[PDB]
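Note sheet for the following structure.
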Amino acid sequence: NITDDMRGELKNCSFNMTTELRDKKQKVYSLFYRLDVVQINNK
Amino acid sequence: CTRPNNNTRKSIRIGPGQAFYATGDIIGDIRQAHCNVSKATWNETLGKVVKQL
Amino acid sequence: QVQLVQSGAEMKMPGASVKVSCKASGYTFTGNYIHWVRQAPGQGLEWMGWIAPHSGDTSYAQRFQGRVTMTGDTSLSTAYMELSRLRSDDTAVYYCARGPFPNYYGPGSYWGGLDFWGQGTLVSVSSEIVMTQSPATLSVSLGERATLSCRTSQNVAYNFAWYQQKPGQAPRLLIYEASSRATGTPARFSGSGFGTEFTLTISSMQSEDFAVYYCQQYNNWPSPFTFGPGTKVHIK
Ligand SMILES: *[C@@H]1O[C@H](CO)[C@@H](O[C@@H]2O[C@H](CO)[C@@H](O[C@@H]3O[C@H](CO[C@H]4O[C@H](CO[C@H]5O[C@H](CO)[C@@H](O)[C@H](O)[C@@H]5O)[C@@H](O)[C@H](O[C@H]5O[C@H](CO)[C@@H](O)[C@H](O)[C@@H]5O)[C@@H]4O)[C@@H](O)[C@H](O[C@H]4O[C@H](CO)[C@@H](O)[C@H](O)[C@@H]4O)[C@@H]3O)[C@H](O)[C@H]2NC(C)=O)[C@H](O)[C@H]1NC(C)=O
Ligand SMILES: *[C@@H]1O[C@H](CO)[C@@H](O[C@@H]2O[C@H](CO)[C@@H](O[C@@H]3O[C@H](CO[C@H]4O[C@H](CO)[C@@H](O)[C@H](O)[C@@H]4O)[C@@H](O)[C@H](O[C@H]4O[C@H](CO)[C@@H](O)[C@H](O)[C@@H]4O)[C@@H]3O)[C@H](O)[C@H]2NC(C)=O)[C@H](O)[C@H]1NC(C)=O
Ligand SMILES: *[C@@H]1O[C@H](CO)[C@@H](O[C@@H]2O[C@H](CO)[C@@H](O[C@@H]3O[C@H](CO)[C@@H](O)[C@H](O)[C@@H]3O)[C@H](O)[C@H]2NC(C)=O)[C@H](O)[C@H]1NC(C)=O
Ligand SMILES: *[C@@H]1O[C@H](CO)[C@@H](O[C@@H]2O[C@H](CO)[C@@H](O[C@@H]3O[C@H](CO)[C@@H](O)[C@H](O)[C@@H]3O)[C@H](O)[C@H]2NC(C)=O)[C@H](O)[C@H]1NC(C)=O
Ligand SMILES: *[C@@H]1O[C@H](CO)[C@@H](O)[C@H](O)[C@H]1NC(C)=O
């Protein structure tokens with residue numbers, strides 16, 4: 001909700017994930033807390 | 001203490017077989033989780049502690 | 001984005017009943033309390049009551065309680081409002097509106113204002129009153145400053161808010177808590193006041209600003225919401 005009181009704290013992350021069909025992968029997403037994830041080196 | 005977030009669980013079948021529970025969507029009263037403490041009670045008890053000290 | 005869409009219009013004589021629906025999209029429906037409010041012709045807005053879809057708890061204007069029923073079908077993301085035995089006070093455009101996000105330093109019902117509004121549905125029977133605004137019309141040229149005043153028949157919780165309305169469109173929230181600017185609202189707008197009298201200011205006018213402006217007093221309770229007659233900011 002604009003502007004920004006929550007400070008986000010979560011990111012709308014997406015990634016090519018291996019599924020039950022070890023072979024063809026699936027682009028999925030999930031909300032993670034910035035306390036759990038860290039920038040490597042959208043980003 | 002409260003976490004006012006009626007969020008869902010978009011579970012993803014990242015098998016084979018085994019399932020993973022990812023974070024779905026976050027909806028509701030988007031406020032930061034927090035705790036409520038009775039202030040006068042804290043002050044009173046703290047004082048009792050200081051007596052000992 | 002967050003959107004509330006309502007049902008179609010009707011004409012009534014006092015004694016009759018009417019039912020209106022409100023479908024929400026863009027947010028988790030159950031998460032927010034929905035107010036029912038109306039605005040009679042040649043008259044200012046009026047609060048019927050609200051229902052919290054999460055809990056199912058409701059609050060009804062004392063005026064309304066016997067006659068009105070609010071329901072909510074969460075699967076549908078719809079809220080319903082039905083009102084029997086129409087009387088004068090009854091006819092107006094009926095709007096549904098969602099409450100705002102919870103605030104960091106807010107006491108209970110501080111976010112009871114109408115954050116997002118439906119376009120409204122028209123029902124017409126007989127006639128109703130409260131807060132007072134001036135000037136009725138404000139003619140200004142883009143660039144000047146606009147000041148709007150609101151006098152209340154009662155004192156307030158600092159739960160005073162201002163709304164902007166181009167007719168035919170959903171009303172939009174400008175200021176909340178007498179002086180807190182709504183998200184997406186420009187610095188141009190500011191508000192202030194206490195007791196009976198409150199004011200809204202637009203430092204520098206833009207062409208987009210021309211619309212009608214209304215003040216509102218809001219709280220937790222039934223009688224607590226009240227709105228002013230409106231001030232029209234017209235260009236010239
Ligand atoms: C916080 O926010 C969340 C939003 O996520 C909100 O969740 C809603 O809570 C209300 C209140 O309980 C729910 O409404 C209840 O529905 C009862 C019937 O439930 C069953 O059927 C639901 C409908 O299924 C259809 O529509 C949905 C639309 O979203 C769709 O996905 C489906 O595919 C389907 O087509 C179904 O959603 C529901 O599923 C929930 O529960 C299962 C487990 O049972 C779980 O696995 C799911 O993940 C999901 O959470 C379920 O299968 C109904 O009986 C009930 O009524 C009581 O109260 C009213 C009060 O007036 C009385 O009239 C009535 O007689 C009963 O006493 C109530 O209406 C609503 O459906 C929730 N779900 C969603 C998605 O919005 C919370 O309420 C908010 N508050 C908190 C803190 O939780
Ligand atoms: C921490 O969380 C706890 C719960 O885990 C909260 O507990 C509440 O604490 C208050 C204070 O002890 C309790 O409030 C008192 O309850 C009395 C009874 O309430 C029930 O019964 C009445 C009829 O007797 C119903 O009307 C009401 O809905 C309830 O079902 C009331 O008699 C008391 O009222 C008197 O004091 C209040 C002010 O506190 C006055 O406004 C009244 O006019 C009257 O003088 C009073 O409300 C409450 O019941 C407890 N809840 C439960 C679950 O036990 C704490 O509130 C919480 N703290 C924080 C900061 O949130
Ligand atoms: C998994 O998601 C990643 C992004 O997170 C996808 O990456 C994309 O991978 C392809 C193959 O390496 C890249 O395509 C190649 O790009 C170059 C330059 O644009 C072009 O010269 C080639 O012809 C080719 O298209 C693509 O650029 C890369 N995307 C990014 C953001 O780097 C990958 O496609 C995803 N897999 C699934 C199954 O969707
Ligand atoms: C978080 O990222 C996810 C992707 O990882 C975004 O997902 C997108 O979510 C929306 C809403 O569920 C989907 O939009 C809907 O798509 C259907 C079909 O295209 C369309 O009929 C609807 O009108 C609507 O646009 C969208 O398709 C989905 N994207 C994908 C890749 O599945 C989500 O938007 C992200 N959130 C943030 C804040 O960016
Ligand atoms: C706690 O109470 C003591 C007196 O019992 C007082 O000296 C101190 O100022 C109090 N603190 C609070 C926050 O009021």
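Identifiers for the structure tokens are assigned positionally: chains receive A, B, ... in sequence, residues are indexed from 1 per chain, and ligands are indexed from 1 in the order shown.
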(request) Using only C-alpha atoms, find the residues of chain B whose closest atom to chain C is at most 8 Å away, then write them as a PyMOL selection string. (result) chain B and resi 6+27-31
(message) Distance limit 7 Å, reference ligand 5, atoms considered: only C-alpha atoms and all ligand atoms. Which residues make the cut? Give them as a ChimeraX atom specification.
(response) /B:43-44,47
Go ahead and write the residues just picked, N, CA and C atoms, as an mmCIF file, in the first residue's frame.
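Result file out34.cif:
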```cif
data_model
loop_
_atom_site.group_PDB
_atom_site.id
_atom_site.type_symbol
_atom_site.label_atom_id
_atom_site.label_comp_id
_atom_site.auth_asym_id
_atom_site.auth_seq_id
_atom_site.Cartn_x
_atom_site.Cartn_y
_atom_site.Cartn_z
ATOM 1 N N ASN B 43 6.014 -1.955 34.630
ATOM 2 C CA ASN B 43 6.676 -0.978 35.478
ATOM 3 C C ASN B 43 6.663 -1.451 36.919
ATOM 4 N N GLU B 44 5.494 -1.895 37.358
ATOM 5 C CA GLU B 44 5.310 -2.412 38.706
ATOM 6 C C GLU B 44 6.226 -3.586 39.037
ATOM 7 N N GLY B 47 9.949 -2.737 39.103
ATOM 8 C CA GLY B 47 10.259 -2.126 40.375
ATOM 9 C C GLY B 47 10.532 -3.187 41.420
#
```
(message) Taking the DSSP secondary structure from the backbone, can you list the residues of chain A that are strand (DSSP E or B), as JSON, numbers by chain?
(response) {"A": [10, 11, 12, 13, 14, 15, 16, 17, 26, 27, 28, 29, 30, 31, 32, 33]}
(message) Env of residue 121 in chain C: 9 Å cut, atoms = only C-alpha atoms, seq-sep filter 4 positions within chain, self excluded. Answer as a list in words.
(response)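 Using only C-alpha atoms, the neighbours found are residues 6, 7, 8, 9, 10, 20, 38, 92, 93, 94 and 95 of chain C.
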Print the selection's residues with C-alpha atoms to a file, as an mmCIF file, in the first residue's frame.
```cif
data_model
loop_
_atom_site.group_PDB
_atom_site.id
_atom_site.type_symbol
_atom_site.label_atom_id
_atom_site.label_comp_id
_atom_site.auth_asym_id
_atom_site.auth_seq_id
_atom_site.Cartn_x
_atom_site.Cartn_y
_atom_site.Cartn_z
ATOM 1 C CA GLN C 6 -21.925 -2.885 -7.729
ATOM 2 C CA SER C 7 -25.451 -3.757 -8.994
ATOM 3 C CA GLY C 8 -28.062 -1.700 -10.976
ATOM 4 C CA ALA C 9 -30.403 1.226 -10.053
ATOM 5 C CA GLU C 10 -34.082 1.367 -8.941
ATOM 6 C CA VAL C 20 -27.720 -4.131 -3.703
ATOM 7 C CA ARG C 38 -25.284 6.350 0.519
ATOM 8 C CA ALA C 92 -29.579 8.061 -2.929
ATOM 9 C CA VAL C 93 -26.741 6.509 -4.779
ATOM 10 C CA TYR C 94 -25.620 3.580 -2.634
ATOM 11 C CA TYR C 95 -21.933 2.999 -2.346
#
```
(message) To check your reading of the model: which residues sit at most 10 Å from ligand 3 when counting only C-alpha atoms and all ligand atoms? Write the answer as JSON, numbers by chain.
(response) {"A": [14, 15, 16, 17, 18, 24, 25, 26, 27, 28, 42, 43]}
How would the residues just picked look written out with N, CA and C atoms as a compact mmCIF listing (two decimals), in the first residue's frame?
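Dumped everything to out.txt:
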```txt
# COMPACT_ATOMS: atom_id res chain seq x y z
N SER A 14 11.07 -15.51 -8.17
CA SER A 14 10.70 -16.56 -9.12
C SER A 14 11.96 -17.31 -9.54
N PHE A 15 11.79 -18.54 -10.02
CA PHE A 15 12.94 -19.36 -10.39
C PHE A 15 12.55 -20.62 -11.16
N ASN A 16 13.50 -21.13 -11.94
CA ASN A 16 13.28 -22.34 -12.71
C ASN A 16 13.43 -23.46 -11.70
N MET A 17 12.33 -24.14 -11.40
CA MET A 17 12.40 -25.19 -10.39
C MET A 17 12.26 -26.58 -11.01
N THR A 18 13.08 -27.52 -10.54
CA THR A 18 12.92 -28.93 -10.86
C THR A 18 11.65 -29.49 -10.22
N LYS A 24 11.84 -31.69 -17.64
CA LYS A 24 11.27 -30.39 -17.94
C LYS A 24 10.95 -29.64 -16.66
N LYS A 25 11.53 -28.46 -16.51
CA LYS A 25 11.41 -27.67 -15.29
C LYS A 25 10.23 -26.71 -15.34
N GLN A 26 9.90 -26.13 -14.18
CA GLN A 26 8.77 -25.21 -14.11
C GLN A 26 9.11 -23.89 -13.43
N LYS A 27 8.89 -22.79 -14.14
CA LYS A 27 9.02 -21.46 -13.56
C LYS A 27 7.95 -21.23 -12.50
N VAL A 28 8.38 -21.11 -11.25
CA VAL A 28 7.47 -20.86 -10.15
C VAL A 28 7.88 -19.62 -9.36
N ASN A 42 15.19 -6.97 -12.24
CA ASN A 42 15.29 -7.72 -11.00
C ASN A 42 16.75 -8.00 -10.65
N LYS A 43 16.96 -8.58 -9.47
CA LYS A 43 18.30 -8.93 -9.03
C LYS A 43 18.34 -10.38 -8.58
```
(message) What residues of the protein or nucleic acid chains come within 12 Å of ligand 1 when you use only C-alpha atoms and all ligand atoms? Reply as a PyMOL selection string.
(response) (chain B and resi 2-11+24-30) or (chain C and resi 24-25+27-33+51-58+69-79)
(request) Choose the residue, out of A:13, A:19, A:1, A:7, that has the smallest atom-to-atom separation from residue 32 in chain A; count only C-alpha atoms. (result)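 Selected residue with least distance to residue 32 in chain A: A:13.
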(request) Go through C:35, C:181, C:98, C:85 one by one, measure the shortest atom-to-atom distance of each to chain A using only C-alpha atoms, and give the residue with the smallest value. (result)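 Comparing C:35, C:181, C:98, C:85 against chain A, the winner is C:181.
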(message) Can you work out which residues are within 10 Å of ligand 2, considering only C-alpha atoms and all ligand atoms, and then hand them over as a VMD selection string?
(response) chain B and resid 1 to 2 35 to 39
Saved selection, atoms kept: C-alpha atoms, as a compact mmCIF listing (two decimals), in the first residue's frame:
```txt
# COMPACT_ATOMS: atom_id res chain seq x y z
CA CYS B 1 1.65 -11.19 20.15
CA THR B 2 0.00 -11.05 16.73
CA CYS B 35 3.49 -7.75 20.75
CA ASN B 36 1.23 -6.03 23.27
CA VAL B 37 2.44 -5.55 26.83
CA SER B 38 0.58 -4.03 29.78
CA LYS B 39 2.84 -1.09 30.59
```
